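Have a look at the structure below before the remarks.
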């Protein structure tokens, strides 16, 4: 439905559900796929890095907001930079005033209000970027998925990208696996490699694609690349 | 907060004139018929009140207000827009004059400021023009008696005798034949009662007719005389009971 | 609350407690009826209220009951059919008595506003007692 | 066409949006009756009865703006509370700049202009409600000013709203012609309230209980609203006649 | 300049004088320092008159907006409104106003706001220049939940000494009775309390 | 005879409205002649779909027992020269010999249009059909005894020349019944249908609010499937409430009518 | 028609289509209910399970205004969360100036003008969700639901969402159960059973039960989420009734 | 049509209609605006139709204004809208 009703974020549908919310989800499927999970000890995010040609450098989907936190971008580039810089100030503002690191559960609530400001008012581009926010606090590991509508839901693991149903199905077989695994990051990393391979069509299996970052009680958030991820691959 | 073109003042007619002016004069053309006459020794203005519900009180709605009592006013146009215009006209007349010269504002300067108010509605986008047609009747010591007609288009012109309303086309010919420059204020009051009656003949009494004239300064209307030099109010509103006294003698 | 109301209305009934039965009737109608008097909820009118007329009949003067029957339809009520049902009861005892009650049958027509003025959409009761008034004028 | 959606003038020189402001006034279909007595002002408005899941006490079309001042609104209820807060704000700020009780004629002027500013603005939409202000003035006594949603205000002897307003206006018009006075006899404000209920039932043809109506009362130096027991007490004396 | 308030069993009475002194000259002897922001809520103004009369007028329409929107104000709700205006303006405004209202359930409540702009609860309170002289006399003869006659005599005897010792306080003694009956206005002439 | 005035019940507010302008003038016409008013000719029955507007023709016909002429809209539009306008002339010509009785029109969405010219695709024969209907009411022949019952989905599609006075004097709306009107209909559908003595009374109205509120007969059909799975001839009163809840998701046709009042 | 193309336009029916379509958007979300007791109120919401990967009882759609007021909503989650955060700053600002908790009937007055302003400005989008709130103030138990049109009224019971009318059948029974109304703890077991009854047509997806209440006779006017043996007792009671 | 030309219609149709001289028709003549010969004819016919359900023969005052609100419906106002002249 081009123009007419629902052509603007303010105009509603005759059913009452704005189609611009559903159209924003299609931007995630056009981007790269990102698979992630967590446990009672660590959390692993597996992001796919594509490019144009062999000479094109693979774009890193994982952006580091905080020392103890991390995220990934499966959506549009410009919409994340505004949110990544906004969440970057919130981590320092909470450390300057409240002295406490930004909570993953509290980050999704403030991020939920940022996405509506474009749909609530006129103009601007709404935020449809898929965001998987992890972190480690005194409450344990947490992974909160960010939907293009602005809703935030915590899961043991999920995937966002093209044909994400394949990776979500593998998490059903392993639903009783990675949860019971504690203190063993080796099995948590291997679970993310086989999860993304089910959704992919097997284009390039090399180490310049999969980007694995882990955070936990001992090792903080660290982005592994090159020979670091070449051990499992 | 600005939304796109919402200030757009693009509307124009193919003839080149503003379309908002023609639609404003069209609504006033169907409205109640007012009038006014500038005589030698005085100025008379008259209009018919609004009936609407039979239980409505005529004392609530006043089609003749008071700015400063050197000048009268009457409107056949928008009812609500008159209250907003008078509120803004006084604040402009007080700030630009009374907060400087601290006296009664002159007629020529006051009309020029009222014309700007109608222009600011047309100049500022998104706001509809004022659909009021104002007759500004006042008496000063320089120009003497002055009767001005402020159209909703934003321009003003002087008139010896003029009328605005449904019978404005017919009353324009009546004022030429019946009224002459040699007629004085008393002669103009009788014509104002006959011309206004020819519009709506349903009720000719003073309850539906609001008559006001600007005469000589009355010391009783000011409420205080300590200074023989200070002039009293030149504007005097006639009571509906006094109107019926002239109807029986007419 | 229905079966519990008829038990409380029949307690000040037997022996009537002299003429105090009038104070044990209208006062109970004020305390009660704040719920009932909707459609089928009447525990008094057409049932208990009809027995009040028969209790005062052939006992005291009819001038007091004509004032009591008027106030029943004067204030609120629900449907005059139950009140018109009691009018036939009043005319029943007056017909079997007569004697000094001959002029009473005329007084009931004028005193009761249901027969004189309009109340509900059924006026048939007004015409039924009208024929009885014509028979009195013929005598 | 587009000429109906534009704020500026139409090809007929008459705004359609001003007419559409009265379309929402008939949504509730409430018939309000308010008359001007001698020392008092009686205001009666219909209270719609919802199902058992709602509180009929919280439902009211009459709100207290200030001392002796009251307002009944016939139209959208959610649009009424937004307009009610505007009248309450102008009532308290008026006393801080002056210090005397705000008259009803002036309160009808402020709310008319503010509702008229919405007509001129291209963003803010006009209020689709009906503003009827009632109070007892010191000099002018009881007065009722009904403010139109487009900024017009005029006084009425007996105001009427809703689709049945023709029954209320006509029945109360002939009543004022026989007495030839706009006021009502029996200076005591107790029976004046009961006089408006009988004229309302005979005009509407349906007798309403205490839960089907709400009765506002405006007295000298006091303003209140009759409760369920006070409204029921009024029907008792009316029933005896 | 002397103001005081003392609660009792049936309510609270707020005493004040009629004298307002500017420098060494008495401008007006009938000046009343009492301001009504609400029917059941009263306040006694003391100190600089311009600072108190301005705050009393600004709060006057705050409770009106609070009554027509939120609900009936209490003694604590009204006393907090005078506090917020004195917090930022403490340098530009000097307010010794004591805020004492009336409640049905809580009976009387007296809250004292000093120059600092703090609100606290006391059964009896005094403020002004003439209060520091009778400051020791009020605490000794104070009673808990006294009668109405004992309340008037306690306020009368206290303000009587404040006029003799302090020259800036004097005139007639005006009282406001707050109880379930309503607001009652009282006045006492110098020919009565000065002889007691 | 199938449905009578007791089967259309719940519309009694609008049922007593029809019998005064239909049954009364066809029985005692001197009532309108004493006052001096002319008997009404046409009667318009409209409303939301599913309220029984089709059953209104059979209900009135089951009582009066006079002659009735059913004339569907698209059955008389058969293309012929001069025949389209002749069919209307028939019904008013047979009304004199066969007695005035009642003439019925069934769901006419067509002839009441303005029909701007795109070429009209042979439908010009329908234009003379509208002209014949308009000239008949204004004709000099004796009329007013014959009743014209015209039903349609929505009134606006009809000719505004007909909606104005002088031709169609009666507009009778059949809106959604109130809470008390629906209660009488549940007993109608559950009368001939075998039920249990526990069959619900007033709760069926509270189950479906705003979803349908018009056609109850859908609930009677759905209730039969729940009893087959449980192997019962009688209907479970709880399954009757489940059938009402199912109807909420059955329609999804929108069709909210606030615009057909006038 | 063309009245729905532009925001805040008066329709010939008297209400904008976008305002009418905003009410229908609530039915597309989860069903939330509420019960108004004598000394307090009870809130019962429903959270849908997307898949087996959902972590049980973590995300709570129940919001708590200060400590004395709970807040719940239905329909669009992000559109309803911004309205809660708006009331958070208003409940705090009122506590700063007047030094007192905000009353329940006046709590909708601040949000009433806020939601109403969104239906006026052209550039501002109106709200399409319904919000239910309540608690224990100085005036006792009060329950109010905020409609997307900006209206609210005193409600002896609260229902919203798809199963709103399926809940109304059960909520009206509490009036016939006792004339004074059910107690605070007794309403917790009844609010849980309603969730299972309104889910009969929702069986395509799973659900999790979340209940919260505030009462003066237990927490002394403090909103508390149901946990421990109190939660398992209400679930076991509703499990035997649906049998 | 203007106000004066209507009384030749209402007054002529009233000759064939049974009504009392107390009738209020001297009022509604002002309320009548923008009508035709066919619309006025249905107004007097509706006055007798409502008299049947009310069990009335001679047309009373209640059978006039109540029966007038039926056939008069075209637009909400139809009389000079509401102000803005």
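The residues of chain F that appear here are 176-437 by Swiss-Prot count, in order.
Structure method, as recorded: electron microscopy, 4.5 Å.
Every residue, even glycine, has its Cβ placed from backbone N, Cα and C.
All protein chains included, residue F:226 (ATP binding site) registers 22 other Cβ atoms within 10 Å of its own Cβ. What Swiss-Prot records for F:222, F:223, F:224, F:225, F:226, F:227, F:228, F:229 is ATP binding site, and it gives sequence analysis as the kind of evidence.
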Which one of these binding-site residues has the most other Cβ atoms within 10 Å of its own Cβ: F:222, F:223?
F:222
Between the binding-site residues F:225, F:227, F:228, F:229, whose Cβ has more other Cβ atoms within 10 Å than any of the rest?
F:227
Assigned conformation of residue F:226 (ATP binding site) - DSSP reduced to three states:
coil
Using a 10 Å cut-off, grab the number of neighbouring Cβ atoms around the Cβ of residue F:224 (ATP binding site), all chains included.
14
If the ATP site is taken as the center of the Cβ atoms of F:222, F:223, F:224, F:225, F:226, F:227, F:228, F:229, which further residues of that chain fall within 8 Å of it by their Cβ?
F:349, F:389, F:390
Near chain H by Cβ (under 8 Å): which of the binding-site residues F:222, F:223, F:226, F:227, F:228, F:229?
none
